[PDB]
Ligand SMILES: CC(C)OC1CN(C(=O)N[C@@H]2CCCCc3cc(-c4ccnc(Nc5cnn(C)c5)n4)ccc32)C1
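A single chain comes next, written as C-alpha cells; it is the form solved without the ligand.
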C-alpha cells in the first residue's frame, strides 16, 4: 500500500510491536513509522486488519495513513503526534493544567471511544500510555488494531495472558471477559489517570493484590483535581455489573455539561 520511500529524520521509540521512527509521506504528511521484525509479522497477516483499521476514521483517533504490505519489518505509517504520549504529558514539568483542559482530554478520548463504540470496535488496552498528544494539545487514542471486534456475545482469543490489570474489569482479571463494557471500565481509569496527572492506578499495590482488591470492592479514590461530578462520571465506569455501566455516548453527554 504505502510507497516504501518517503522522508525520514529521527525516531520515536516503541508502542506494542517495535520501533517507531519519524518521516514525511507524500511531501505534506508528517508520519511516525512503526517497525516490526521479518520473523513474525507479515503482509499477509495484517492485510485483513489493515483494511479494517483504515475503516476507522475520526479526528480523535490517530490515523493509519498506510502500511508497507510487503515482507520485512512492516513499515506501518501513522499520524505523527508532536507531544508524544498522554502519560508523559500529564506529568509534564510545568504542570500548567486547569480542570477545563483536563476535561477536554477526557472529551477527546471519549469522542474517539464513542465512535469506536458505535462502529462496534473494542480497543482492548485503553490507558493514557496508549494515547498521544499533538502540537495543539489534542489527545487522540492510538495503539488500536489487534484491538478486537465483537460477534454473537463474546470470544476467547489468546488463552492465558498478562493484562494491564489496573485498567481491567474484574471479569477479565479472572476469566478474561472482554466486552463493549470492558473499554468503559478502562476509560474511567484513564479519566483517573488524567485528573491524577499521570499517577499510576492502584499504586502501593502489586498486580496480584490489585486483582484481589477490585473484586472485593476496591476502587480508585477521587483525584484532588477532580470535582465531585467528575468523580461520579469516572466511577460510573467501574460497576462490576457491566450492564449497569453507561455508554460512551452517555459518558460523552455527561462530560459536556459538568
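Residue numbers count along the first chain shown, from 1. Superpose the two forms; the largest set of C-alphas matching within 1.5 Å is the rigid core.
Form deposited with the ligand bound: not shown, discussed below.
Worksheet item: Open or blocked: the ligand, posed as in the bound PDB entry, superposed onto this form via site C-alphas, with 3 or more ligand atoms within 2.4 Å of backbone or C-beta counting as blocked?
Response: Blocked: the placed ligand clashes with backbone or C-beta atoms.
Worksheet item: Counting only non-hydrogen atoms and a 4.5 angstroms cut-off, does residue 238 reach the ligand in the bound PDB entry?
Response: It does not: once the ligand is placed as it appears in the bound PDB entry, residue 238 has no heavy atom within 4.5 Å of it.
Discussion item. Is residue 130 part of the interface with the ligand in the bound PDB entry - any heavy atom within 4.5 Å?
Written reply: Flag for residue 130 set to yes.
Worksheet item: Any of the heavy atoms of residue 15 lying within 4.5 Å of the ligand in the bound PDB entry?
Response: Yes.
Item to complete: Answer yes if any heavy atom of residue 174 is within 4.5 Å of a heavy atom of the ligand in the bound PDB entry; otherwise answer no.
Response: Heavy-atom contact with the ligand at 4.5 Å: absent for residue 174.
Practice prompt. Name the residue from 220, 68, 214, 32 that puts a heavy atom within 4.5 Å of the ligand in the bound PDB entry.
Written response: Contact residue from the list: 32.
Worksheet item: Picking from 184 to 192, 78 to 86, 166 to 174, 103 to 111, which part of the chain touches the ligand in the bound PDB entry when contact means heavy atoms within 4.5 Å?
Response: Heavy atoms within 4.5 Å of the ligand in the bound PDB entry occur in 78 to 86.
Worksheet entry | Out of 35, 41, 214, 67, the residue that alone shifts its CA by 2 Å or more between the shown form and the other one when the rigid core is the reference | If I go through the list carefully, the shifting residue is 41.
Practice prompt. Classify residue 16 as shifted (yes) or not shifted (no) between the shown form and the other one, where shifted means its C-alpha moves by 2 Å or more with the rigid core superposed.
Written response: Yes: residue 16 shifts by at least 2 Å between the shown form and the other one.
Worksheet item: Fitting the rigid core first, would the Cα of residue 145 be found 2 Å or more away between the shown form and the other one?
Response: The answer is yes, as the C-alpha of residue 145 shifts between the shown form and the other one by 2 Å or more after core alignment.
Worksheet item: Is residue 26 among the residues whose Cα moves by 2 Å or more between the shown form and the other one after superposition of the rigid core?
Response: Residue 26 C-alpha, core-superposed: shift of 2 Å or more.
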